[PDB]
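As structure tokens, the structure follows; a few thoughts come after it.
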């Protein structure tokens, strides 16, 4: 029930919605995934305490950061838009 | 009269207001409660100073932050807005592998925990391929199969793979609505010889995880930080001294 | 409507007023019987719908 992860990452380019051929992205040192959500809050005033009473999410997004140490031409094409 | 708290935390989902079944949130490293109050001020001017004379609070909100180190599927569902999926172990008989296969290619199976892998050649007379012509990377933990070689009389290219897969638990992303969970903390105060202390939060709305370092560097266990705001529960009595956000119990 | 009344019998109907109709209630129900002048029961009033939405108040309400 504890996490300390190491391993491999594989990527498959997506062209016009058809799955490509997967390849290894070579050595990778760090991967992190971040979740962001926007919320609109509803409050009720009967108590006189002017405090939050309800909240419903509106926005939903996720971002991934990857740190790779490989300068291989395939990875260069992936990262340099080349 | 001094506090240094350690203990456990219990959470019960709220689904349409009916109390759920309490569950342990496993190991936790940090819990913090923050209170924010907004005030509107009235200033007199009869003394020539225009100094603050009165102020009444208008805002009131409480935020709770929890750091948990458990990657249990229940906690993933509670934190990733997901719902757990259980797949029972089974077998496959007629999976078709990609065509135009040659040595050096890697094949991926739809299921994990593959064992007893057999690849039958496509022909009028079935002829299972020799095991030495393929290898299982990561002991079949991902169905990754690597081709070591092919017989000189190249057999029929399409393959039919059969094997067994183990049961697993899966959690989706943003597949569940905003959970509403009541929290019960079980801090034991060491500064007073281990004096029991209770904290209950009637209604809390959590916020999805901010960061998750899948690959970690150092000697630190991966940490999961969750933020949530304590909502105002409308079911408890208004005049009741127990309040509507939470309360603290200290035996004595 | 055709209803025979027994002697020394009172028949109290249940006048159910619904929530759907024109905003102005201009009704003239006629209780017409033989050998008796028309006894019209006139029902008058208005139909209104109440605002049952709780508005958020993070911004002060201005009166």
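Protein chains in written order, with the entry's author numbering: chain f, 5 to 86; chain s, 5 to 256; chain U, 127 to 189.
Every residue gets a Cβ at the ideal spot worked out from N, C-alpha and C, and that includes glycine.
Smallest Cα separation from residue i: which of the options?
i                      : options                       : result
residue 183 of chain U : f:44, f:77 and f:76           : f:44
residue 185 of chain U : f:72, f:48 and f:79           : f:48
residue 33 of chain f  : f:84, f:82, f:66 and f:9      : f:9
residue 114 of chain f : s:244, s:6, s:163 and s:178   : The displayed coordinates of chain f run from 5 to 86. Any statement about residue 114 of chain f would go beyond what the structure contains.
residue 158 of chain s : s:21, s:180, s:131 and s:171  : s:131
residue 147 of chain s : s:228, s:220, s:138 and s:154 : s:138
residue 130 of chain U : U:164, U:178, U:189 and U:160 : U:160
residue 238 of chain s : s:253, s:21 and s:6           : s:21
residue 232 of chain s : f:86, f:56 and f:79           : f:56
residue 144 of chain U : U:175, U:136 and U:188        : U:175
residue 7 of chain s   : s:115, s:197 and s:109        : s:197
residue 79 of chain s  : s:26, s:240, s:141 and s:171  : s:26
residue 252 of chain s : s:90, s:98, s:101 and s:189   : s:189
Since residue i and residue j are thought to touch, with beta carbons under 8 Å apart, how far apart are those beta carbons, to the nearest angstrom?
i                      : j                      : result
residue 103 of chain s : residue 151 of chain s : Between residue 151 of chain s and residue 103 of chain s the Cβ distance is about 13 Å, and since that is not below 8 Å, they are no contact.
residue 41 of chain s  : residue 63 of chain s  : 6 Å
residue 182 of chain s : residue 61 of chain f  : 5 Å
residue 230 of chain s : residue 211 of chain s : 7 Å
residue 213 of chain s : residue 187 of chain s : Actually they are not in contact, since the Cβ atoms of residue 213 of chain s and residue 187 of chain s sit about 17 Å apart, beyond 8 Å.
residue 24 of chain s  : residue 17 of chain s  : 4 Å
residue 200 of chain s : residue 246 of chain s : In fact, because the Cβ distance is near 18 Å, the residues do not count as touching under 8 Å.
If you count every other CB in all the chains shown that lies within 10 Å of the CB of residue i, and 16 or more means buried, which is it?
i                      : result
residue 224 of chain s : exposed
residue 248 of chain s : buried
residue 126 of chain s : exposed
residue 13 of chain s  : buried
residue 92 of chain s  : exposed
residue 216 of chain s : buried
residue 163 of chain s : buried
residue 136 of chain s : exposed
residue 15 of chain s  : buried
residue 172 of chain U : exposed
residue 68 of chain f  : exposed
In the DSSP assignment, find the alpha helix (DSSP H) that holds residue i and state where it starts and stops.
i                     : result
residue 77 of chain f : 77 to 84
So, residue i versus residue j, is the Cβ gap smaller than 8 Å?
i                      : j                      : result
residue 51 of chain f  : residue 236 of chain s : yes
residue 72 of chain s  : residue 30 of chain s  : yes
residue 120 of chain s : residue 167 of chain s : yes
residue 161 of chain s : residue 105 of chain s : yes
residue 203 of chain s : residue 185 of chain s : no
residue 19 of chain s  : residue 88 of chain s  : no
residue 169 of chain U : residue 153 of chain U : yes
residue 157 of chain U : residue 166 of chain U : yes
residue 123 of chain s : residue 133 of chain s : yes
residue 117 of chain s : residue 145 of chain s : yes
residue 70 of chain s  : residue 35 of chain s  : yes
residue 192 of chain s : residue 149 of chain s : no
What first and last residue would you give for the beta strand (DSSP E) that runs through residue i?
i                      : result
residue 36 of chain f  : 32 to 40
residue 58 of chain s  : 56 to 61
residue 174 of chain s : 172 to 175
For a cutoff of 8 Å on Cβ pairs, would you count residue i as touching chain C?
i                     : result
residue 36 of chain f : Here the protein chains are f, s and U, and chain C is not one of them.
For residue i, verify whether its CB is less than 7 Å away from any heavy atom of the ligand NAD.
i                     : result
residue 70 of chain f : Absence of the ligand NAD is noted for the structure shown, with no ligands found whatsoever.
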